Ligand SMILES: NC(=S)c1ccno1
Ligand SMILES: NC(=S)c1ccno1
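Below, the structure is given as structure tokens:
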């Protein structure tokens, strides 16, 4: 089994849905996903979770006190704390394979301006902490990135991307709107099909992701 | 305004939620791909030609769905780990589009003829949001929608360094004193250096 805790100020957005890969995983008892409203650990009347940044700048920064109290209750020393952020280490397929063997992931969802850095620094004295980016784009907060990470990881768990791009794929019918499936794919010749698909893959990779083959992007 | 149509066999999963950025909402409609299936079994995929594992999404089903939802002005977005990379620059570009249609399929793919055919009468962009595989494009659609919509007015280099707020001392850690100094040129220089060190440590590829 695996336990995933997600902490967010948008709990409804992160509520697991039965008809989904994570929903299936949950139902098969392979993972338990629990979502927590960050505001549960506030004490003030207007349940404030953020404040203006020291040093100036646009936006707000999430308060360390509230996150501190939440992670105190949810995490143990065995927890792998995941914090989505544009500023993080890259989250890759390798990362997904690695986290697929973890007993307990806690995903801290915060606005992109950041959670006060002292939260992650403090947590790091007790547990493993991974600040990660799923890609080079900005979201308002970590929530969508958490859903991506959960998807990528849960499909790898026992019971539930190489280094090239997969080429085009086809299915029936063999002709459609005047466009024909590549005759080699209909030929039954596994060796020539494998050769064709290898070529297509390399051709697609050169065009769309030349960086994967060690060329200028 | 902006119109976004999402096509998926998981419409519940992609149903917009009020308590979110996209909920603050610009028009977003989610369509169940099964609405365009031809058989009582509501089949949306089939075995890949040439063999191999997994399934490939049927072109006859997707072709109908797209014929109905797309127009000449449509930008057809297809999330796929085999795509061109989706970046901030892409999100900016798409932020001024009048009509996005996002075709969510399983990662093995939609029959290539669907995109090829569509590209003869509309603009088509197959894109990847990162180097990892998901079972389907659904979560990637959420990310794309999140990244694009926050750039639409009225729906609101180096790595950013650490940020801080009150209190000035917390569990033994003090906010860097430079930040409370009132020397704003120095603060900018300090932040530049923090950004440089973080970019070196976490994303050396950017330098
Ligand atoms: N690119 C990531 S992980 C992100 C999180 C919040 N905003 O962007
Ligand atoms: N990396 C992307 S966009 C993806 C979609 C489905 N599987 O991976």
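Residue numbers (this note's numbering), protein chains in the order written: chain X, 1 to 217; chain Z, 1 to 207.
Quick reminder that beta carbons are idealized off the backbone N, C-alpha and C, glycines included.
- The Cβ-Cβ distance between residue 72(X) and residue 61(X) does not fall below 8 angstroms.
- Inclusion of residue 210(X) and residue 217(X) in the CB contact set at 8 angstroms is warranted, their separation being smaller than that value.
- Counting only Cβ-Cβ distances below 7 angstroms, residue 88(Z) has contacts in chain X at 136, 137, 138, in chain order.
- In terms of Cα proximity to residue 89(X), the closest of 3(X), 22(X), 129(X), 199(X) is 129(X).
- Residue 84(X) and residue 153(X) have their C-alpha atoms some 14 angstroms from each other.
- Residue 70(X) has its Cβ no nearer than 7 angstroms to any heavy atom of ligand 2.
- Between residue 187(Z) and chain X, the shortest Cβ-Cβ separation is below 8 angstroms.
- Uninterrupted alpha helix (DSSP H) stretches at least 4 residues long and entirely within the stretch 116-197 of chain X occur at 117-123, 143-154, given in chain order.
- Identification of residues in the stretch 65-83 of chain Z having a C-beta nearer than 8 angstroms to some C-beta of chain X yields 81, 82, 83, given in sequence order.
- Nearest in C-alpha terms to residue 122(Z), of all of 29(Z), 206(Z), 61(Z), 69(Z), is 69(Z).
- With contacts defined by Cβ atoms closer than 8 angstroms, residue 132(Z) and residue 2(X) do not form a contacting pair.
- Taking 8 angstroms as the cut-off, the Cβ atoms of residue 141(Z) and residue 6(Z) count as close.
- Cβ neighbours of residue 90(Z) within its own chain (closer than 6 angstroms, five residues either side excluded): none.
- Here residue 200(Z) is exposed, its C-beta having fewer than 16 other C-beta atoms within 10 Å.
- Using a CB distance below 7 angstroms, the part of the stretch 146-173 of chain X facing chain Z consists of 147, 148, 151, 152, 155, 161, 165, 166, 168, 169, 170, 171, 172, ordered along the chain.
- Residue 26(X) is a Cβ neighbour of residue 16(X), given a cutoff of 8 angstroms.
- The contact set of residue 96(X) on chain Z, defined by CB atoms closer than 9 angstroms, consists of 132, 133 in chain order.
- When 8 angstroms is used as the limit between beta carbons, residue 97(Z) is near no residue of chain X, the shortest such separation being about 16 angstroms.
- For residue 24(X), the three-state secondary structure derived from DSSP is helix.
- Beta-bridge pairing by DSSP links residue 84(Z) to 127(Z).
- Taken through DSSP and simplified to helix, strand or coil, residue 207(Z) comes out as coil.
- Where residue 65(X) is concerned, the enclosing alpha helix (DSSP H) starts and stops at 64-74.
- Counting the other CB atoms within 10 Å of its CB gives residue 94(Z) a total of 16 or more, which places it among the buried residues.
- The criterion of a C-beta distance shorter than 8 angstroms is not satisfied by residue 54(X) and residue 159(Z).
- For residue 42(Z), the nearest beta carbon of chain X is not closer than 8 angstroms to its own beta carbon.
- With a 10 Å radius around the Cβ and a threshold of 16 neighbouring Cβ atoms, residue 52(X) comes out exposed.
- The beta carbon of residue 124(Z) does not come within 8 angstroms of any beta carbon belonging to chain X, so the residue lies off that interface.
- Listed along chain Z, the residues sitting closer than 8 angstroms to residue 65(X) by beta-carbon distance are 167, 170.
- For residue 79(Z), DSSP records a beta bridge to 127(Z).
- Between residue 1(X) and chain Z, the shortest Cβ-Cβ separation is not below 8 angstroms.
- At the C-beta level, residue 171(X) and residue 64(Z) stay beyond 8 angstroms of one another.
- By the neighbour-count criterion, in which a residue is buried when 16 or more other Cβ atoms sit within 10 angstroms of its Cβ, residue 103(Z) is buried.
- Listed along the chain, the chain Z residues whose CB falls inside 7 angstroms of the CB of residue 144(X) are 142, 143, 146.
- One alpha carbon belongs to residue 158(X), the other to residue 28(X), and they sit about 12 angstroms apart.
- Residue environment for residue 58(Z): buried (at least 16 other C-beta atoms within 10 angstroms of its C-beta).
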